[PDB]
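Visitor: The following file, input_11.cif, comprises mmCIF, C-alpha atoms and all ligand atoms:
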data_final
loop_
_atom_site.group_PDB
_atom_site.id
_atom_site.type_symbol
_atom_site.label_atom_id
_atom_site.label_comp_id
_atom_site.auth_asym_id
_atom_site.auth_seq_id
_atom_site.Cartn_x
_atom_site.Cartn_y
_atom_site.Cartn_z
ATOM 1 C CA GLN Y 25 1.201 21.565 -18.597
ATOM 2 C CA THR Y 26 -2.038 20.787 -16.794
ATOM 3 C CA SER Y 27 -4.210 18.111 -18.430
ATOM 4 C CA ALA Y 28 -8.014 17.769 -18.212
ATOM 5 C CA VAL Y 29 -7.564 14.861 -15.818
ATOM 6 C CA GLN Y 30 -5.229 16.922 -13.615
ATOM 7 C CA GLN Y 31 -7.741 19.785 -13.623
ATOM 8 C CA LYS Y 32 -10.508 17.446 -12.488
ATOM 9 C CA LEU Y 33 -8.297 16.011 -9.737
ATOM 10 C CA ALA Y 34 -7.511 19.563 -8.601
ATOM 11 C CA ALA Y 35 -11.244 20.349 -8.421
ATOM 12 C CA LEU Y 36 -11.885 17.164 -6.438
ATOM 13 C CA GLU Y 37 -9.030 18.095 -4.091
ATOM 14 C CA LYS Y 38 -10.338 21.641 -3.608
ATOM 15 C CA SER Y 39 -13.833 20.377 -2.648
ATOM 16 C CA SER Y 40 -12.316 17.813 -0.274
ATOM 17 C CA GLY Y 41 -10.379 20.380 1.788
ATOM 18 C CA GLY Y 42 -7.331 18.045 1.920
ATOM 19 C CA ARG Y 43 -4.253 17.190 -0.093
ATOM 20 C CA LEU Y 44 -4.534 14.513 -2.795
ATOM 21 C CA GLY Y 45 -1.692 12.597 -4.522
ATOM 22 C CA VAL Y 46 -2.284 10.389 -7.535
ATOM 23 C CA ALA Y 47 -0.021 8.322 -9.781
ATOM 24 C CA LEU Y 48 -1.242 6.129 -12.638
ATOM 25 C CA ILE Y 49 0.898 3.937 -14.824
ATOM 26 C CA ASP Y 50 -0.927 2.544 -17.841
ATOM 27 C CA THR Y 51 0.981 -0.519 -18.953
ATOM 28 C CA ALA Y 52 -0.855 -0.275 -22.378
ATOM 29 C CA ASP Y 53 1.756 2.374 -23.349
ATOM 30 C CA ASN Y 54 3.759 2.972 -20.091
ATOM 31 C CA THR Y 55 2.329 6.442 -19.834
ATOM 32 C CA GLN Y 56 1.878 8.127 -16.486
ATOM 33 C CA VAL Y 57 -0.663 10.515 -15.080
ATOM 34 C CA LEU Y 59 0.544 12.415 -11.876
ATOM 35 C CA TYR Y 60 -1.182 14.774 -9.492
ATOM 36 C CA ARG Y 61 1.213 15.966 -6.759
ATOM 37 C CA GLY Y 62 3.191 12.942 -7.936
ATOM 38 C CA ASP Y 63 6.472 14.039 -6.342
ATOM 39 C CA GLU Y 64 5.067 15.291 -3.032
ATOM 40 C CA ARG Y 65 5.517 13.143 0.093
ATOM 41 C CA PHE Y 66 2.579 11.491 1.841
ATOM 42 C CA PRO Y 67 2.398 9.203 4.878
ATOM 43 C CA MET Y 68 2.082 5.649 3.572
ATOM 44 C CA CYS Y 69 0.331 4.165 6.581
ATOM 45 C CA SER Y 70 -0.607 0.514 5.875
ATOM 46 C CA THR Y 71 0.173 0.755 2.173
ATOM 47 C CA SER Y 72 3.761 0.142 3.451
ATOM 48 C CA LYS Y 73 2.686 -3.442 4.271
ATOM 49 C CA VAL Y 74 3.121 -4.281 0.602
ATOM 50 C CA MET Y 75 6.812 -3.424 0.716
ATOM 51 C CA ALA Y 76 7.324 -5.440 3.918
ATOM 52 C CA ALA Y 77 5.558 -8.525 2.556
ATOM 53 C CA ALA Y 78 7.448 -8.227 -0.725
ATOM 54 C CA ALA Y 79 10.777 -7.989 1.116
ATOM 55 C CA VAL Y 80 9.971 -11.299 2.898
ATOM 56 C CA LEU Y 81 8.958 -12.841 -0.426
ATOM 57 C CA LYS Y 82 12.371 -11.801 -1.768
ATOM 58 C CA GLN Y 83 14.110 -13.514 1.167
ATOM 59 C CA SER Y 84 12.053 -16.614 0.453
ATOM 60 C CA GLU Y 85 13.583 -16.940 -3.030
ATOM 61 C CA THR Y 86 16.723 -18.342 -1.421
ATOM 62 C CA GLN Y 87 14.904 -20.217 1.422
ATOM 63 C CA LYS Y 88 12.199 -22.609 0.212
ATOM 64 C CA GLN Y 89 10.904 -23.097 3.756
ATOM 65 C CA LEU Y 90 10.990 -19.522 4.990
ATOM 66 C CA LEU Y 91 7.281 -18.902 4.435
ATOM 67 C CA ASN Y 92 6.525 -21.956 6.576
ATOM 68 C CA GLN Y 93 8.758 -20.735 9.416
ATOM 69 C CA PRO Y 94 6.893 -20.185 12.701
ATOM 70 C CA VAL Y 95 7.000 -16.918 14.558
ATOM 71 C CA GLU Y 96 5.861 -16.792 18.167
ATOM 72 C CA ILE Y 97 3.004 -14.427 18.948
ATOM 73 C CA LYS Y 98 3.100 -13.329 22.580
ATOM 74 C CA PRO Y 99 0.495 -11.346 24.472
ATOM 75 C CA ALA Y 100 2.915 -8.379 24.604
ATOM 76 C CA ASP Y 101 3.109 -8.397 20.771
ATOM 77 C CA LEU Y 102 -0.510 -7.350 20.293
ATOM 78 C CA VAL Y 103 -0.889 -3.704 19.312
ATOM 79 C CA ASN Y 104 -3.975 -1.757 18.261
ATOM 80 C CA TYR Y 105 -5.503 -3.767 15.404
ATOM 81 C CA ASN Y 106 -4.762 -7.465 15.293
ATOM 82 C CA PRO Y 107 -7.851 -9.362 14.106
ATOM 83 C CA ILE Y 108 -5.740 -12.354 13.012
ATOM 84 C CA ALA Y 109 -2.761 -12.323 15.378
ATOM 85 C CA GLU Y 110 -4.930 -12.238 18.503
ATOM 86 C CA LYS Y 111 -6.231 -15.686 17.577
ATOM 87 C CA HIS Y 112 -2.687 -17.060 17.767
ATOM 88 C CA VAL Y 113 -1.347 -15.463 20.929
ATOM 89 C CA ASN Y 114 0.738 -17.983 22.927
ATOM 90 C CA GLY Y 115 1.116 -19.887 19.689
ATOM 91 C CA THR Y 116 2.732 -19.249 16.336
ATOM 92 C CA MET Y 117 2.008 -18.034 12.829
ATOM 93 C CA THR Y 118 4.098 -18.745 9.769
ATOM 94 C CA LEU Y 119 5.616 -15.931 7.711
ATOM 95 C CA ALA Y 120 3.062 -16.773 4.962
ATOM 96 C CA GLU Y 121 0.244 -16.443 7.476
ATOM 97 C CA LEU Y 122 1.687 -13.146 8.751
ATOM 98 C CA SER Y 123 2.002 -11.825 5.192
ATOM 99 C CA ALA Y 124 -1.570 -12.800 4.343
ATOM 100 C CA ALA Y 125 -2.859 -11.264 7.571
ATOM 101 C CA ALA Y 126 -0.934 -8.007 7.070
ATOM 102 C CA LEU Y 127 -2.010 -7.672 3.430
ATOM 103 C CA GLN Y 128 -5.584 -8.961 3.406
ATOM 104 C CA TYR Y 129 -6.756 -7.944 6.896
ATOM 105 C CA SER Y 130 -4.334 -5.072 7.571
ATOM 106 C CA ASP Y 131 -3.215 -6.722 10.836
ATOM 107 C CA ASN Y 132 -0.642 -4.491 12.589
ATOM 108 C CA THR Y 133 0.884 -7.260 14.748
ATOM 109 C CA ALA Y 134 1.455 -9.275 11.576
ATOM 110 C CA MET Y 135 3.178 -6.248 9.989
ATOM 111 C CA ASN Y 136 5.448 -5.876 13.015
ATOM 112 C CA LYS Y 137 6.544 -9.515 12.624
ATOM 113 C CA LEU Y 138 7.382 -8.844 8.958
ATOM 114 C CA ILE Y 139 9.402 -5.785 9.960
ATOM 115 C CA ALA Y 140 11.244 -7.800 12.643
ATOM 116 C CA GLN Y 141 12.051 -10.547 10.154
ATOM 117 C CA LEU Y 142 13.744 -7.864 8.017
ATOM 118 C CA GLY Y 143 15.756 -6.469 10.949
ATOM 119 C CA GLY Y 144 13.594 -3.420 11.635
ATOM 120 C CA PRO Y 145 12.059 -0.606 9.584
ATOM 121 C CA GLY Y 146 15.383 0.038 7.819
ATOM 122 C CA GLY Y 147 15.327 -3.509 6.436
ATOM 123 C CA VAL Y 148 12.148 -2.605 4.582
ATOM 124 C CA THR Y 149 13.815 0.589 3.251
ATOM 125 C CA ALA Y 150 16.871 -1.426 2.227
ATOM 126 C CA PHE Y 151 14.671 -3.751 0.123
ATOM 127 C CA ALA Y 152 12.999 -0.737 -1.505
ATOM 128 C CA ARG Y 153 16.439 0.551 -2.485
ATOM 129 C CA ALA Y 154 17.401 -2.885 -3.862
ATOM 130 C CA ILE Y 155 14.452 -2.778 -6.259
ATOM 131 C CA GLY Y 156 15.214 0.762 -7.451
ATOM 132 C CA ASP Y 157 12.957 2.824 -5.165
ATOM 133 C CA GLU Y 158 15.053 5.702 -3.830
ATOM 134 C CA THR Y 159 12.070 7.483 -2.287
ATOM 135 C CA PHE Y 160 10.303 5.055 0.059
ATOM 136 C CA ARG Y 161 11.308 5.153 3.723
ATOM 137 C CA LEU Y 162 10.059 3.168 6.673
ATOM 138 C CA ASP Y 163 11.239 4.571 9.995
ATOM 139 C CA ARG Y 164 8.903 3.152 12.651
ATOM 140 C CA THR Y 165 6.932 0.055 13.555
ATOM 141 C CA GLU Y 166 3.169 -0.273 14.135
ATOM 142 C CA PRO Y 167 1.249 1.576 15.420
ATOM 143 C CA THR Y 168 3.355 4.745 15.404
ATOM 144 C CA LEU Y 169 4.156 4.667 11.681
ATOM 145 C CA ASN Y 170 0.578 5.999 11.138
ATOM 146 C CA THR Y 171 0.920 9.311 13.001
ATOM 147 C CA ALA Y 172 0.859 11.003 9.571
ATOM 148 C CA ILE Y 173 1.946 14.401 10.834
ATOM 149 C CA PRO Y 174 2.062 17.073 8.101
ATOM 150 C CA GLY Y 175 5.635 17.804 7.034
ATOM 151 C CA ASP Y 176 7.071 14.752 8.820
ATOM 152 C CA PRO Y 177 9.299 12.764 6.430
ATOM 153 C CA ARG Y 178 9.074 9.548 8.469
ATOM 154 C CA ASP Y 179 7.207 6.639 6.893
ATOM 155 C CA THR Y 180 6.513 8.483 3.636
ATOM 156 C CA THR Y 181 6.826 8.080 -0.072
ATOM 157 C CA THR Y 182 5.636 9.872 -3.224
ATOM 158 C CA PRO Y 183 2.784 8.672 -5.478
ATOM 159 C CA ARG Y 184 5.190 8.375 -8.443
ATOM 160 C CA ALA Y 185 7.677 6.192 -6.537
ATOM 161 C CA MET Y 186 4.990 3.949 -5.084
ATOM 162 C CA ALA Y 187 3.295 3.370 -8.446
ATOM 163 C CA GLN Y 188 6.610 2.456 -10.062
ATOM 164 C CA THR Y 189 7.415 0.068 -7.189
ATOM 165 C CA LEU Y 190 4.001 -1.556 -7.230
ATOM 166 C CA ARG Y 191 4.368 -2.111 -11.001
ATOM 167 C CA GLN Y 192 7.794 -3.714 -10.612
ATOM 168 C CA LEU Y 193 6.590 -5.972 -7.769
ATOM 169 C CA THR Y 194 3.290 -7.142 -9.290
ATOM 170 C CA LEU Y 195 3.796 -6.971 -13.065
ATOM 171 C CA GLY Y 196 7.586 -6.693 -13.514
ATOM 172 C CA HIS Y 197 10.571 -8.704 -12.310
ATOM 173 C CA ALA Y 198 11.453 -7.280 -8.875
ATOM 174 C CA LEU Y 199 10.398 -10.684 -7.465
ATOM 175 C CA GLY Y 200 10.770 -14.222 -8.798
ATOM 176 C CA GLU Y 201 7.837 -15.514 -10.822
ATOM 177 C CA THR Y 202 6.395 -17.649 -8.024
ATOM 178 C CA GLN Y 203 6.723 -14.810 -5.521
ATOM 179 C CA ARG Y 204 5.149 -12.220 -7.864
ATOM 180 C CA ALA Y 205 2.186 -14.565 -8.360
ATOM 181 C CA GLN Y 206 1.869 -14.998 -4.576
ATOM 182 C CA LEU Y 207 1.881 -11.220 -4.016
ATOM 183 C CA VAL Y 208 -0.780 -10.725 -6.698
ATOM 184 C CA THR Y 209 -2.920 -13.502 -5.171
ATOM 185 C CA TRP Y 210 -2.660 -11.825 -1.780
ATOM 186 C CA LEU Y 211 -3.570 -8.369 -3.118
ATOM 187 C CA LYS Y 212 -6.533 -9.756 -5.114
ATOM 188 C CA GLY Y 213 -7.857 -11.349 -1.926
ATOM 189 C CA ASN Y 214 -7.786 -8.082 0.054
ATOM 190 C CA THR Y 215 -10.837 -7.658 2.300
ATOM 191 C CA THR Y 216 -10.548 -3.940 2.987
ATOM 192 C CA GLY Y 217 -10.653 -2.278 -0.439
ATOM 193 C CA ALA Y 218 -14.179 -2.089 -1.834
ATOM 194 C CA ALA Y 219 -14.838 1.526 -0.713
ATOM 195 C CA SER Y 220 -11.524 2.953 -2.007
ATOM 196 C CA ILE Y 221 -10.033 2.891 -5.526
ATOM 197 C CA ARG Y 222 -12.251 -0.068 -6.445
ATOM 198 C CA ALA Y 223 -15.408 1.935 -5.802
ATOM 199 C CA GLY Y 224 -14.444 4.306 -8.603
ATOM 200 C CA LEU Y 225 -13.831 1.659 -11.256
ATOM 201 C CA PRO Y 226 -16.280 -0.028 -13.682
ATOM 202 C CA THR Y 227 -17.601 -3.147 -12.016
ATOM 203 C CA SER Y 228 -16.488 -5.398 -14.876
ATOM 204 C CA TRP Y 229 -12.825 -4.687 -13.991
ATOM 205 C CA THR Y 230 -10.772 -6.708 -11.511
ATOM 206 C CA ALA Y 231 -8.071 -5.477 -9.129
ATOM 207 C CA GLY Y 232 -5.925 -6.132 -6.092
ATOM 208 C CA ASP Y 233 -5.179 -3.399 -3.599
ATOM 209 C CA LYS Y 234 -3.784 -2.417 -0.227
ATOM 210 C CA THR Y 235 -5.456 0.330 1.841
ATOM 211 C CA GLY Y 236 -4.055 2.489 4.586
ATOM 212 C CA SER Y 237 -5.230 5.129 7.004
ATOM 213 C CA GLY Y 238 -3.926 7.111 9.930
ATOM 214 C CA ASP Y 240 -4.236 10.381 11.804
ATOM 215 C CA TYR Y 241 -4.864 13.627 9.885
ATOM 216 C CA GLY Y 242 -7.698 11.770 8.186
ATOM 217 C CA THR Y 243 -5.067 10.077 6.094
ATOM 218 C CA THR Y 244 -6.781 7.716 3.637
ATOM 219 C CA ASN Y 245 -4.717 5.772 1.099
ATOM 220 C CA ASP Y 246 -4.949 2.958 -1.430
ATOM 221 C CA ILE Y 247 -2.574 1.382 -3.935
ATOM 222 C CA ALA Y 248 -3.890 -0.978 -6.618
ATOM 223 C CA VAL Y 249 -3.000 -3.121 -9.574
ATOM 224 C CA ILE Y 250 -5.974 -3.157 -11.956
ATOM 225 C CA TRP Y 251 -6.987 -5.347 -14.890
ATOM 226 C CA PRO Y 252 -9.515 -3.268 -16.886
ATOM 227 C CA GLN Y 254 -11.897 -4.999 -19.288
ATOM 228 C CA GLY Y 255 -10.201 -5.304 -22.682
ATOM 229 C CA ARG Y 256 -6.829 -3.704 -22.048
ATOM 230 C CA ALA Y 257 -3.475 -4.005 -20.356
ATOM 231 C CA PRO Y 258 -3.125 -3.614 -16.566
ATOM 232 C CA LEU Y 259 -2.906 -0.295 -14.709
ATOM 233 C CA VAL Y 260 -1.163 0.577 -11.497
ATOM 234 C CA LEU Y 261 -2.832 3.334 -9.468
ATOM 235 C CA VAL Y 262 -1.830 5.065 -6.204
ATOM 236 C CA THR Y 263 -4.196 7.447 -4.426
ATOM 237 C CA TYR Y 264 -2.980 9.155 -1.245
ATOM 238 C CA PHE Y 265 -5.017 11.674 0.740
ATOM 239 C CA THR Y 266 -4.340 13.629 3.927
ATOM 240 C CA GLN Y 267 -6.080 16.419 5.787
ATOM 241 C CA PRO Y 268 -5.112 19.393 7.972
ATOM 242 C CA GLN Y 269 -6.728 18.336 11.261
ATOM 243 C CA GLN Y 270 -5.311 15.542 13.383
ATOM 244 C CA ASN Y 271 -8.760 14.119 14.139
ATOM 245 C CA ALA Y 272 -10.152 14.325 10.575
ATOM 246 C CA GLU Y 273 -12.461 11.550 9.375
ATOM 247 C CA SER Y 274 -11.441 9.007 6.717
ATOM 248 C CA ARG Y 275 -12.413 9.910 3.125
ATOM 249 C CA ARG Y 276 -12.387 6.692 1.109
ATOM 250 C CA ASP Y 277 -14.916 8.336 -1.186
ATOM 251 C CA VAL Y 278 -12.240 10.842 -2.284
ATOM 252 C CA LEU Y 279 -10.027 7.927 -3.406
ATOM 253 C CA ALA Y 280 -12.955 6.411 -5.288
ATOM 254 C CA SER Y 281 -13.603 9.789 -6.949
ATOM 255 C CA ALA Y 282 -9.950 10.072 -7.989
ATOM 256 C CA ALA Y 283 -10.035 6.550 -9.434
ATOM 257 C CA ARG Y 284 -13.202 7.395 -11.362
ATOM 258 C CA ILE Y 285 -11.603 10.491 -12.914
ATOM 259 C CA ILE Y 286 -8.576 8.375 -13.911
ATOM 260 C CA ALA Y 287 -10.745 5.636 -15.431
ATOM 261 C CA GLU Y 288 -12.777 8.223 -17.378
ATOM 262 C CA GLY Y 289 -9.590 9.796 -18.731
ATOM 263 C CA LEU Y 290 -8.132 6.693 -20.364
HETATM 264 O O1 LIG U 1 -2.781 1.756 13.306
HETATM 265 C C1 LIG U 1 -3.502 2.715 12.985
HETATM 266 N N1 LIG U 1 -4.443 2.591 12.040
HETATM 267 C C2 LIG U 1 -4.704 1.412 11.331
HETATM 268 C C3 LIG U 1 -4.552 0.139 11.907
HETATM 269 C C4 LIG U 1 -4.776 -0.986 11.116
HETATM 270 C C5 LIG U 1 -5.205 -0.893 9.793
HETATM 271 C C6 LIG U 1 -5.402 0.377 9.279
HETATM 272 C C7 LIG U 1 -5.861 0.502 7.891
HETATM 273 N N2 LIG U 1 -5.705 -0.430 6.934
HETATM 274 N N3 LIG U 1 -6.319 0.006 5.813
HETATM 275 N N4 LIG U 1 -6.826 1.235 6.078
HETATM 276 N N5 LIG U 1 -6.541 1.549 7.390
HETATM 277 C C8 LIG U 1 -5.159 1.536 10.022
HETATM 278 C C9 LIG U 1 -3.295 4.053 13.630
HETATM 279 C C10 LIG U 1 -4.114 5.162 13.317
HETATM 280 C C11 LIG U 1 -3.853 6.395 13.899
HETATM 281 C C12 LIG U 1 -2.759 6.516 14.748
HETATM 282 N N6 LIG U 1 -2.252 7.572 15.438
HETATM 283 N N7 LIG U 1 -1.127 7.169 16.161
HETATM 284 C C13 LIG U 1 -0.902 5.855 15.947
HETATM 285 C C14 LIG U 1 -1.936 5.439 15.037
HETATM 286 C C15 LIG U 1 -2.197 4.195 14.487
#
Written as structure tokens, that's how I'd like the structure from this file.

Guide:
Amino acid sequence: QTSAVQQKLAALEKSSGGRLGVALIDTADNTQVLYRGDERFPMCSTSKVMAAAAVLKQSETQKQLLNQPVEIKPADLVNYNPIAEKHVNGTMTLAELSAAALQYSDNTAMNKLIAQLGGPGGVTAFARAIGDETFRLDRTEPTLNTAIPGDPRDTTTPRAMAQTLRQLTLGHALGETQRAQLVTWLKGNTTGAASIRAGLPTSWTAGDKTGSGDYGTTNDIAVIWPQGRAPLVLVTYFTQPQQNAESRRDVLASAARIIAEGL
């Protein structure tokens, strides 16, 4: 069946020229709304959530892990490191690296999270441990954002990512303290106001993690507290046919608006 919401998302996609993937979970009733929900998309920096969460999981058995220093060397800087570059020749703690990766989308910080987990496969292994059979991280920053059509590396599906984000932020994939820390980090994101958030009523609150890459890939994943009802989890992924395509955060906002209007 095709619902009214799915028809509207198809019309938005058609006018955009790209490929749109949406997954909503409404925790009011656990119902899902899916558009291309089982197709693969490049995650880009939305993968930073999984990496930070995996470090939070490690911290459950090491009370001091988040305070552990990690050396930042000049050679560690990559292409977008607004926080890490301040600390080159010094150190940042794993908490600081998590906050920088999540709230500022710092790619050096993400690489330190990946290294703490033993490489990209350590992030995948954590995904599997929390019941996500779909997620895969294959590369570090910056190359995980190449976003080539048909490339399975560094991809997931909207359905899998929405389920994972629910388990991490609202469910019990993490300890209570760690879940609360992840939610605090997501709610303090600096990069999200033009993406899913832009499509929601202003009275609502949310936390989110954006991503973008080549092929005009423009992504956002959010946990949302609407006025007067239970939380939502929403994933919006978007990718385009040309390598040099522009970002389209407005398409993510439009998708979010259609979802909000369909509740
Ligand atoms: O790191 C990239 N992008 C990047 C860096 C840091 C943050 C973000 C981002 N966060 N939220 N939305 N975009 C995106 C990026 C892009 C295109 C590439 N082609 N080949 C390697 C690439 C790397």

Visitor: Could you tell me, as a VMD selection string, exactly which residues end up selected when the PyMOL selection byres (((not hetatm)) within 8 of (chain U and resi 1)) is applied to this structure?

Guide: chain Y and resid 69 to 71 104 to 106 129 to 132 166 to 172 216 to 217 234 to 238 240 244 to 246

Visitor: For the residues in that selection, give me C-alpha atoms as a JSON list (two decimals), in the coordinates of the input.

Guide:
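Output (part17.json):
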[["chain", "number", "residue", "atom", "x", "y", "z"],
["Y", 69, "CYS", "CA", 0.33, 4.16, 6.58],
["Y", 70, "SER", "CA", -0.61, 0.51, 5.88],
["Y", 71, "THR", "CA", 0.17, 0.76, 2.17],
["Y", 104, "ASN", "CA", -3.98, -1.76, 18.26],
["Y", 105, "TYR", "CA", -5.50, -3.77, 15.40],
["Y", 106, "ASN", "CA", -4.76, -7.46, 15.29],
["Y", 129, "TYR", "CA", -6.76, -7.94, 6.90],
["Y", 130, "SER", "CA", -4.33, -5.07, 7.57],
["Y", 131, "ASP", "CA", -3.22, -6.72, 10.84],
["Y", 132, "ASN", "CA", -0.64, -4.49, 12.59],
["Y", 166, "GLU", "CA", 3.17, -0.27, 14.14],
["Y", 167, "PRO", "CA", 1.25, 1.58, 15.42],
["Y", 168, "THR", "CA", 3.36, 4.74, 15.40],
["Y", 169, "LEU", "CA", 4.16, 4.67, 11.68],
["Y", 170, "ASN", "CA", 0.58, 6.00, 11.14],
["Y", 171, "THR", "CA", 0.92, 9.31, 13.00],
["Y", 172, "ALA", "CA", 0.86, 11.00, 9.57],
["Y", 216, "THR", "CA", -10.55, -3.94, 2.99],
["Y", 217, "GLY", "CA", -10.65, -2.28, -0.44],
["Y", 234, "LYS", "CA", -3.78, -2.42, -0.23],
["Y", 235, "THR", "CA", -5.46, 0.33, 1.84],
["Y", 236, "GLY", "CA", -4.06, 2.49, 4.59],
["Y", 237, "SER", "CA", -5.23, 5.13, 7.00],
["Y", 238, "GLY", "CA", -3.93, 7.11, 9.93],
["Y", 240, "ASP", "CA", -4.24, 10.38, 11.80],
["Y", 244, "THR", "CA", -6.78, 7.72, 3.64],
["Y", 245, "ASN", "CA", -4.72, 5.77, 1.10],
["Y", 246, "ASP", "CA", -4.95, 2.96, -1.43]]

Visitor: For residue Y:45, work out the shell of residues within 7 Å, counting only C-alpha atoms and skipping chain neighbours fewer than 6 positions away, then give it as a VMD selection string.

Guide: chain Y and resid 60 to 62 183 263 to 265

Visitor: Tell me which residues the PyMOL selection byres (((chain Y and resi 124) around 12) and not hetatm) grabs here, as a ChimeraX atom specification.

Guide: /Y:73-74,76-78,80-81,91,108-109,117-123,125-132,134-135,138,206-215,234

Visitor: What is the distance, in Å and to one decimal place, between atom CA of residue Y:268 and atom CA of residue Y:39?

Guide: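 Rounded to one decimal, the two atoms are 13.8 Å apart.
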
Visitor: What's around residue Y:36 at 8 Å? Count all atoms listed in the file, leave out sequence neighbours fewer than 4 positions away in its own chain, and write the answer as a ChimeraX atom specification.

Guide: /Y:32,40,278,281-282

Visitor: Could you tell me how far atom CA of residue Y:42 sits from atom CA of residue Y:289, in Å to one decimal place?

Guide: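 Going from atom CA of residue Y:289 over to atom CA of residue Y:42, I get 22.4 Å.
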
Visitor: Taking the file as shown, find all residues satisfying the PyMOL selection byres (((chain Y and resi 48-50) around 12) and not hetatm) and write them as a ChimeraX atom specification.

Guide: /Y:29-30,45-47,51-57,59-62,183-192,195,221,247-252,256-264,282-283,285-287,289-290

Visitor: Check the smallest atom-to-atom distance from each of Y:177, Y:255, Y:107, Y:41 to residue Y:267 using all atoms listed in the file, then report the winner.

Guide: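 Among the listed residues, the smallest separation from residue Y:267 belongs to Y:41.
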
Visitor: Atom CA of residue Y:141 to atom CA of residue Y:180: how many Å, to one decimal?

Guide: 20.9 Å

Visitor: Excluding residue Y:155 and any residue of its chain fewer than 3 positions from it, enumerate the residues within 10 Å of it, using all atoms listed in the file, and give them as a list in words.

Guide: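 Residues meeting the cut-off are residues 79, 150, 151, 152, 158, 189, 192, 193, 197, 198 and 199 of chain Y.
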
Visitor: Find the smallest box with edges along x, y and z containing every listed atom of stretch 127-145 of chain Y, then add 5 Å on each side and report centre and edge lengths in Å to one decimal, as AutoDock Vina command-line options.

Guide:
--center_x 4.5 --center_y -5.6 --center_z 9.1 --size_x 32.5 --size_y 19.9 --size_z 21.3

Visitor: Using the structure block above, produce a file of stretch 102-114 of chain Y that contains N, CA, C and O atoms, as a PDB file, in the first residue's frame.

Guide:
ATOM      1  N   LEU Y 102      44.977  16.121  11.934  1.00  0.00           N
ATOM      2  CA  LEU Y 102      43.958  17.015  11.384  1.00  0.00           C
ATOM      3  C   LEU Y 102      43.605  16.547   9.982  1.00  0.00           C
ATOM      4  O   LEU Y 102      44.475  16.160   9.202  1.00  0.00           O
ATOM      5  N   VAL Y 103      42.308  16.546   9.681  1.00  0.00           N
ATOM      6  CA  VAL Y 103      41.802  16.203   8.368  1.00  0.00           C
ATOM      7  C   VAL Y 103      41.165  17.443   7.765  1.00  0.00           C
ATOM      8  O   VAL Y 103      41.775  18.515   7.816  1.00  0.00           O
ATOM      9  N   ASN Y 104      39.949  17.327   7.236  1.00  0.00           N
ATOM     10  CA  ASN Y 104      39.368  18.385   6.438  1.00  0.00           C
ATOM     11  C   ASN Y 104      38.411  19.323   7.154  1.00  0.00           C
ATOM     12  O   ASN Y 104      38.032  20.322   6.588  1.00  0.00           O
ATOM     13  N   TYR Y 105      37.969  18.979   8.351  1.00  0.00           N
ATOM     14  CA  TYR Y 105      36.993  19.802   9.063  1.00  0.00           C
ATOM     15  C   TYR Y 105      37.151  19.503  10.542  1.00  0.00           C
ATOM     16  O   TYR Y 105      36.730  18.445  11.017  1.00  0.00           O
ATOM     17  N   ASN Y 106      37.852  20.380  11.242  1.00  0.00           N
ATOM     18  CA  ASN Y 106      38.278  20.073  12.600  1.00  0.00           C
ATOM     19  C   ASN Y 106      38.228  21.310  13.457  1.00  0.00           C
ATOM     20  O   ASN Y 106      39.237  21.716  14.046  1.00  0.00           O
ATOM     21  N   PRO Y 107      37.061  21.955  13.512  1.00  0.00           N
ATOM     22  CA  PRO Y 107      36.943  23.260  14.216  1.00  0.00           C
ATOM     23  C   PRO Y 107      37.315  23.158  15.698  1.00  0.00           C
ATOM     24  O   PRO Y 107      37.803  24.131  16.277  1.00  0.00           O
ATOM     25  N   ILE Y 108      37.129  21.993  16.309  1.00  0.00           N
ATOM     26  CA  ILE Y 108      37.496  21.855  17.726  1.00  0.00           C
ATOM     27  C   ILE Y 108      38.900  21.271  17.879  1.00  0.00           C
ATOM     28  O   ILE Y 108      39.734  21.787  18.641  1.00  0.00           O
ATOM     29  N   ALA Y 109      39.179  20.177  17.175  1.00  0.00           N
ATOM     30  CA  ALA Y 109      40.461  19.503  17.346  1.00  0.00           C
ATOM     31  C   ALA Y 109      41.640  20.430  17.017  1.00  0.00           C
ATOM     32  O   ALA Y 109      42.708  20.289  17.612  1.00  0.00           O
ATOM     33  N   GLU Y 110      41.491  21.347  16.057  1.00  0.00           N
ATOM     34  CA  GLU Y 110      42.659  22.141  15.705  1.00  0.00           C
ATOM     35  C   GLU Y 110      43.097  23.033  16.856  1.00  0.00           C
ATOM     36  O   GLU Y 110      44.259  23.450  16.918  1.00  0.00           O
ATOM     37  N   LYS Y 111      42.188  23.334  17.778  1.00  0.00           N
ATOM     38  CA  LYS Y 111      42.555  24.109  18.954  1.00  0.00           C
ATOM     39  C   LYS Y 111      43.457  23.358  19.921  1.00  0.00           C
ATOM     40  O   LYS Y 111      44.085  23.976  20.778  1.00  0.00           O
ATOM     41  N   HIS Y 112      43.512  22.035  19.786  1.00  0.00           N
ATOM     42  CA  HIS Y 112      44.155  21.172  20.769  1.00  0.00           C
ATOM     43  C   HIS Y 112      45.335  20.410  20.185  1.00  0.00           C
ATOM     44  O   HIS Y 112      45.872  19.497  20.819  1.00  0.00           O
ATOM     45  N   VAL Y 113      45.755  20.779  18.984  1.00  0.00           N
ATOM     46  CA  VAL Y 113      46.886  20.104  18.371  1.00  0.00           C
ATOM     47  C   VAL Y 113      48.173  20.332  19.178  1.00  0.00           C
ATOM     48  O   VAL Y 113      48.428  21.441  19.656  1.00  0.00           O
ATOM     49  N   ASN Y 114      48.941  19.255  19.370  1.00  0.00           N
ATOM     50  CA  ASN Y 114      50.080  19.205  20.287  1.00  0.00           C
ATOM     51  C   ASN Y 114      49.655  19.154  21.752  1.00  0.00           C
ATOM     52  O   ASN Y 114      50.477  19.204  22.651  1.00  0.00           O
TER      53      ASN Y 114
END
